[PDB]
>>> print(open('start03.cif').read())   # mmCIF, C-alpha atoms
data_query
loop_
_atom_site.label_atom_id
_atom_site.label_comp_id
_atom_site.auth_asym_id
_atom_site.auth_seq_id
_atom_site.Cartn_x
_atom_site.Cartn_y
_atom_site.Cartn_z
CA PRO A 1001 -8.90 -15.05 2.54
CA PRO A 1002 -5.86 -12.82 3.05
CA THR A 1003 -3.03 -13.43 5.51
CA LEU A 1004 0.15 -11.65 6.45
CA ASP A 1005 1.69 -13.42 3.44
CA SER A 1006 -0.47 -11.23 1.21
CA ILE A 1007 -0.52 -7.94 3.14
CA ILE A 1008 3.24 -7.76 3.69
CA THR A 1009 3.60 -8.96 0.10
CA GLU A 1010 1.61 -5.94 -1.07
CA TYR A 1011 2.98 -3.50 1.54
CA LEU A 1012 6.42 -3.53 -0.07
CA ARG A 1013 5.19 -3.45 -3.67
CA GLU A 1014 3.49 -0.06 -3.48
CA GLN A 1015 6.57 1.04 -1.53
CA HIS A 1016 8.57 -0.34 -4.47
CA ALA A 1017 6.77 1.92 -6.98
CA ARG A 1018 8.56 5.02 -5.66
CA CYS A 1019 11.86 3.63 -6.96
CA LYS A 1020 13.27 5.91 -9.63
CA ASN A 1021 14.31 3.21 -12.14
CA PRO A 1022 13.18 0.15 -10.12
CA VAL A 1023 14.63 -3.34 -10.37
CA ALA A 1024 13.28 -6.79 -11.27
CA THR A 1025 15.29 -9.34 -9.24
CA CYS A 1026 15.27 -7.35 -6.03
CA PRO A 1027 17.49 -7.93 -2.98
CA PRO A 1028 15.94 -9.16 0.29
CA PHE A 1029 14.04 -6.48 2.16
CA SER A 1030 14.25 -4.86 5.59
CA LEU A 1031 11.00 -3.67 7.13
CA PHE A 1032 12.62 -1.30 9.64
CA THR A 1033 14.48 0.58 6.88
CA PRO A 1034 13.05 2.48 3.91
CA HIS A 1035 13.24 0.83 0.50
CA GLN A 1036 14.93 2.61 -2.40
CA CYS A 1037 16.04 0.91 -5.59
CA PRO A 1038 19.59 1.64 -6.89
CA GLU A 1039 19.58 5.01 -8.63
CA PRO A 1040 21.82 5.77 -11.63
CA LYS A 1041 25.05 7.10 -10.10
CA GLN A 1042 27.72 7.69 -12.74
CA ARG A 1043 31.44 7.44 -11.98
CA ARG A 1044 32.86 6.37 -15.35
CA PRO B 1001 10.47 1.73 14.14
CA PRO B 1002 7.32 0.45 12.42
CA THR B 1003 4.86 -2.05 13.87
CA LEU B 1004 1.65 -3.65 12.71
CA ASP B 1005 -0.05 -0.48 13.96
CA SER B 1006 1.63 1.39 11.11
CA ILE B 1007 1.60 -1.22 8.32
CA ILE B 1008 -2.08 -2.14 8.69
CA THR B 1009 -2.74 1.58 9.13
CA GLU B 1010 -1.17 2.22 5.72
CA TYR B 1011 -2.45 -0.98 4.07
CA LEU B 1012 -6.03 0.27 4.15
CA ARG B 1013 -5.24 3.86 3.16
CA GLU B 1014 -3.84 3.06 -0.28
CA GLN B 1015 -6.76 0.64 -0.58
CA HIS B 1016 -8.96 3.63 0.36
CA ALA B 1017 -7.67 5.72 -2.58
CA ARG B 1018 -9.57 3.58 -5.10
CA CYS B 1019 -12.86 4.85 -3.66
CA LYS B 1020 -14.77 6.80 -6.28
CA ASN B 1021 -15.84 9.74 -4.07
CA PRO B 1022 -14.20 8.58 -0.81
CA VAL B 1023 -15.35 9.47 2.69
CA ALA B 1024 -13.80 11.24 5.69
CA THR B 1025 -15.33 9.67 8.83
CA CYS B 1026 -15.12 6.11 7.59
CA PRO B 1027 -16.92 3.07 9.06
CA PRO B 1028 -14.90 0.32 10.77
CA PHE B 1029 -13.05 -1.93 8.35
CA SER B 1030 -13.02 -5.64 7.54
CA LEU B 1031 -9.73 -7.10 6.34
CA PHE B 1032 -11.27 -10.22 4.77
CA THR B 1033 -13.59 -8.13 2.57
CA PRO B 1034 -12.69 -5.54 -0.07
CA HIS B 1035 -13.11 -1.88 0.82
CA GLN B 1036 -15.28 0.37 -1.33
CA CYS B 1037 -16.58 3.75 -0.24
CA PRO B 1038 -20.31 4.53 -0.83
CA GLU B 1039 -20.81 5.45 -4.47
CA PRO B 1040 -23.44 7.99 -5.59
CA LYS B 1041 -26.58 5.92 -6.18
CA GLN B 1042 -29.58 8.10 -7.02
CA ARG B 1043 -33.15 7.08 -6.19
CA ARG B 1044 -34.84 10.46 -5.71
#
>>> encode(input="start03.cif", output="structure tokens")
Amino acid sequence: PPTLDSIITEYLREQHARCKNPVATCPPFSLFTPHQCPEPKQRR
Amino acid sequence: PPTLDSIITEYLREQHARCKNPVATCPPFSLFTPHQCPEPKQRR
């Protein structure tokens, strides 16, 4: 049976698939903020 | 800010998008069972 340790596990992962160039070892999350993986921002 | 009345609202909806021919006025849900919309099954 599912719990909140499976729903909130899967709630972020489909939110993670809108990351342009996503990550693998992600930082800790924040449910009250949107999630966006670090985009390529060139300065050099 | 989000609550469980937005996360569990959106947890079923992306689960709803795997329905081959989904519905509009859906039946009440069951979180411990998978969700599958009524497929076309011909008998006539």
>>> residues_around(input="start03.cif", residues="segment 1005-1011 of chain A", least_positions_apart="6", cutoff="10 Å", atoms="only C-alpha atoms", output="ChimeraX atom specification")
/A:1031 /B:1007-1008,1010-1012,1014,1031
>>> atom_distance(input="start03.cif", atom1="atom CA of residue 1001 of chain A", atom2="atom CA of residue 1032 of chain B")
5.8 Å
>>> axis_aligned_box(input="start03.cif", around="segment 1009-1024 of chain A", padding_each_side="4 Å", output="lines of an AutoDock Vina configuration file")
center_x = 8.1
center_y = -1.5
center_z = -5.3
size_x = 21.0
size_y = 22.9
size_z = 21.7
>>> resolve_selection(input="start03.cif", expression="the PyMOL selection byres ((chain A and resi 1020) around 12)", output="PyMOL selection string")
chain A and resi 1015-1019+1021-1023+1035-1041
>>> atom_distance(input="start03.cif", atom1="atom CA of residue 1003 of chain B", atom2="atom CA of residue 1003 of chain A")
16.2 Å
>>> atom_distance(input="start03.cif", atom1="atom CA of residue 1028 of chain A", atom2="atom CA of residue 1033 of chain B")
29.6 Å
>>> closest_residue(input="start03.cif", among="B:1027, B:1002, B:1013, B:1043", to="chain A", atoms="all atoms listed in the file")
B:1002
